[PDB]
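Single chain ahead, by itself, as structure tokens, in the form deposited in one PDB entry.
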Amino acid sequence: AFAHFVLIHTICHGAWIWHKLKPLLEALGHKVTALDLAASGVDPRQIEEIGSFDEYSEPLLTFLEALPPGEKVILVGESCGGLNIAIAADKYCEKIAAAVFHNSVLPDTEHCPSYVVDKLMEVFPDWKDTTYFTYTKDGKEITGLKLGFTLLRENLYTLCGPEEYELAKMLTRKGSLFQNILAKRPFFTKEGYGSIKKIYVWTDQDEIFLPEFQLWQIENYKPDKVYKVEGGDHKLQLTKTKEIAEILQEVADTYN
């Protein structure tokens, strides 16, 4: 079967992270959309204009709004993109055939929206040469970050080739987790986000979303299906592109 995959990058990244996966999925016959979220990639906004994870998600929500009735998509989110998935599913659940989490945060419906982010920060507290700043938007102080190049090299892009790491140095931008805004946000709903099919893809060789964290997430909120990819790194769409495409094909053949 063919599907329409919507690929969702993490904070400080953009659609460009999907540049290997997108053509491979198209060579299987799928439709693929790879979005820039607000203030990401080549989106014209700067992060200081953005006040919440929900505002950050606007390009995904606008895209979903534009789907004609009856058209469903498979969302694929890397790293913090699982939060974009949960936000999207609470507005457009009927348009989502399934969600695939790709070394991603896996929010739940029983705890506040920041819950898995709070946990991540306990498991991985030292972001190396990452820099931080604060800005104010909608009367709240937001912590912005710019991912450190050593962190990128050692922990996110560990096994990626030098030309891929170079792209990350060139293209990663200031972003935010909006952690304190998530902490005050209404919970993700059981009827919306809770109802979608959830496929969790990971590697135990991820050097930032460590096995303790990922296995904690799986136990916390049981996925419909789990795929463990052997080897690679945090950026499986770069280091294990073919394996990710094969998994996504199986998801397309399972959920519609």
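Numbering starts at 1 and follows the sequence shown.
Note that the form solved in complex with a small molecule isn't included here; everything after this is about it.
- Only one of 106-114, 72-80, 182-190, 92-100 places residue heavy atoms within 4.5 angstroms of the small molecule in the deposited bound form, namely 72-80.
- Shown without its partner, this chain lists 229, 64, 47, 208 as candidates; in the deposited bound form, only 208 has a non-hydrogen atom within 4.5 angstroms of the small molecule.
- Proximity of residue 86 to the small molecule in the deposited bound form falls outside the 4.5 Å heavy atom cutoff.
- For the chain shown alone, residue 248 is not a contact residue for the small molecule in the deposited bound form, no non-hydrogen atom being within 4.5 angstroms.
- Although the partner is absent from this view, residue 238 stays clear of the small molecule in the deposited bound form, with no non-hydrogen atom inside 4.5 angstroms.
- Although the partner is absent here, residue 11 lies within 4.5 Å of the small molecule in the deposited bound form, judged by heavy atoms.
- Taking the partner from elsewhere, no residue among 22, 32 and 244 has a non-hydrogen atom within 4.5 angstroms of the small molecule in the deposited bound form.
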